[PDB]
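Below sits a lone chain in structure tokens, taken as the form deposited in one PDB entry.
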């Protein structure tokens, strides 16, 4: 499956989805599909806006995050410190999206972190994880596309509410 074909899944979702707002659950599932990754889309404060997970659902810690609708405040803080795309992060790096208490299971895991920016502001983080294979530049194109477009969507959303708080 060519890179062109992969980028088209995201473009198709953006072009043809209903409503003015793209659903980040849909976006997470599309990225998950074309990069074969566990996917988190999180807010500035680590609220889970969308996810699409496979192996990670076998972790009760992960499951609890999903119930709480937040990643851990510590991981959130560490994601906010990542200022540009950081890729192929290993299981011993605190930036891993995999639970370090399952080190043997995820020994070859790779994590890539995409800061989400819009309107010149940090609006969230896109996090992708694989149990095995390294990310390559094509994966990065897809990730940064996705991150850019999520950023446009959050930016529009927040300016809808900020100008509705400006009414007051």
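Residue numbers count along the first chain shown, from 1. Rigid core: the largest C-alpha set superposing within 1.5 Å between the two forms.
For the two regions 96-104 and 112-120, the entry's Cα B-factors average higher over 96-104.
Higher average CA B factor: 156-164, of the stretches 17-25 and 156-164. Comparing the listed residues 138, 59, 125, 30, the entry records the largest Cα B-factor for 59. Per the PDB entry, 54 shows the highest C-alpha temperature factor of the residues 54, 51, 43, 35.
Here the subject shifts to the form deposited in another entry, a form of this protein not shown in this document.
For the residue set 142, 42, 113, 56, core-aligned C-alpha shifts between the shown form and the other one reach 2 angstroms or more at a single site, 56.
Positional change of residue 159 between the shown form and the other one stays under 2 Å at the C-alpha, relative to the superposed core. Relative to the superposed rigid core, the position of the CA of residue 127 differs between the shown form and the other one by less than 2 Å.
Superposition of the core reveals a Cα shift of 2 Å or more for residue 15 between the shown form and the other one. Relative to this form, in the other form the C-alpha atoms of residue 52 and residue 58 separate from one another by 3 angstroms or more. Compared with the form shown here, the C-alpha atoms of residue 70 and residue 107 sit at least 3 Å closer together in the other form.
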